[PDB]
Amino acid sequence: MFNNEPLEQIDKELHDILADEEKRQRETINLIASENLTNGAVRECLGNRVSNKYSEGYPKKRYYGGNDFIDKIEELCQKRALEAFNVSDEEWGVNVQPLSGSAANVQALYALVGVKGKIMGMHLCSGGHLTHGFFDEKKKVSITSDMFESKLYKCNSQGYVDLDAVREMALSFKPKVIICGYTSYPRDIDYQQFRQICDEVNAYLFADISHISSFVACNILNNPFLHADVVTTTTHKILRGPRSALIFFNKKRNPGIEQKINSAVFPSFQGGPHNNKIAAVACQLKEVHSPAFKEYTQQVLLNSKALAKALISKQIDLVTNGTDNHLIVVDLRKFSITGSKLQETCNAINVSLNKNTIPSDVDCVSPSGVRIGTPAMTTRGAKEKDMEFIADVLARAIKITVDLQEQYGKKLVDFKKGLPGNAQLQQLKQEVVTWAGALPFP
């Protein structure tokens, strides 16, 4: 007693928009540092009937029976995760149930410190995530600042994490957890120094590596598994999996931590797991542990270095003057245009990027930067040579943005009016669409 007609016959209205969405993705230069494109096999898992099953609990500790095949998939996923991140299952545990990055960080934080617990994290404005304790004078913006007591550490004026400030804060604040790994940080992290600071105050070390996870797995960047008690990551960014999260815990360092984490994910926060997510994650973790994926990750870094170097050749300033990873943050102060203005301009030319704060910024309204990344475009086959064109397109959009601002003024409402119909933008979009439309698309 069901309708088995395909999506196109069943809901033509919805199917058009999805096909529209498909066309926009394939015709866009996607520089969102956190975005990627999943392969058909990962999308087959996400559409699988495994999502039908309710399997509250953990493998071999299910509330319900009929979970034999589900248990194999959840165990296959945990093995592949520990393998991919070069950790021993005797020494490290992992939870595959968190639905997304934010849920996983909140669940993990709760496990470690509990309600009213004290946490330290990097500020959103300096490159931290919302789930790292972010609040504002006006509001406790994140649950992580409301169900926990949070202190926030700023990066220095050159955009690097300033450890002296971190230690100064840890000794005075005395938190139970200190979080590192960030949302818009273009450089590598000194985990060892974090581990040294955490010990002095007897606090846990929490590394959130969602943005750089692939780098850590393939040993191109510093390894937080050597020093951290907990490691969290999403699977949908540089890792190129579905939208999900992973929580790693150091049993050797903290016995009895497995129970706290596992009980935090369920039943403290979540109910039934999403089995299609888990199947999809397993599928990508196998790809992650192949010499080919290491190649791709290497390619992402090469493209990022080349992109940075080309932007600098065109007189564009980058925060910290470059990158050790997949992402770059452009300081736009010399051009006197805001990041929101450039983002608007870039949408008009089918270039996806995001406005981003810089060290000088005092407000999340009017940020002075944009953040770009290479993983999506690297997934689409762009090589080092292709980055000069991306940099050229961005330089042209900056100039166009300056021209329009000269013509209509700094008020964002007035600036947007200049955008529709602009000859140069229509031309620029056209070149963007023609090059973007050509590239391999999973």
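Heads up: residue numbers just count along the shown sequence, starting at 1. Superpose the two forms; the largest set of C-alphas matching within 1.5 Å is the rigid core.
Q: Core-aligned, RMS over all structures and residues: is 358-366 or 306-314 the stretch with the greater C-alpha displacement in 7 other deposited structures of this protein?
A: When 358-366 and 306-314 are compared in 7 other deposited structures of this protein, 358-366 lies farther out.
Q: Taking the recorded C-alpha temperature factors, which stretch has the higher mean, 136-144 or 304-312?
A: So the stretch with the higher mean C-alpha B-factor is 136-144.
Q: Between 81-89 and 103-111, name whichever shows the higher mean Cα B factor according to the PDB entry.
A: Higher of the two, by average CA B-factor, is 81-89.
Q: Between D331, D208, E74, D361, which carries the biggest CA temperature factor in the record?
A: Comparing C-alpha B-factors across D331, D208, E74, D361, the top value belongs to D361.
Q: Could you say which of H123, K252, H326, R187 has its CA atom at the highest B factor, as listed in the PDB entry?
A: Highest C-alpha B-factor among the listed residues goes to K252.
Q: Is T374 in the lowest, middle or highest third of its chain when residues are ranked by C-alpha B-factor?
A: Answer is lowest: the recorded C-alpha B-factor places it there.
Q: For the chain shown, is the CA B-factor of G271 in the lowest, middle or highest third of its modelled residues?
A: It falls in the bottom third of the chain.
Q: Should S263 be placed in the lowest, middle or highest third of its chain by the C-alpha B factor in the entry?
A: According to the entry, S263 has a C-alpha B-factor in the chain's lowest third.
Q: Among the chain's modelled residues, which third holds the C-alpha B-factor of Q407?
A: For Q407, whose C-alpha B-factor we compare with every modelled residue in the chain, the answer is the highest third.
Q: For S366, does the deposited CA B-factor place it in the lowest, middle or highest third of the chain?
A: Answer is highest: the recorded C-alpha B-factor places it there.
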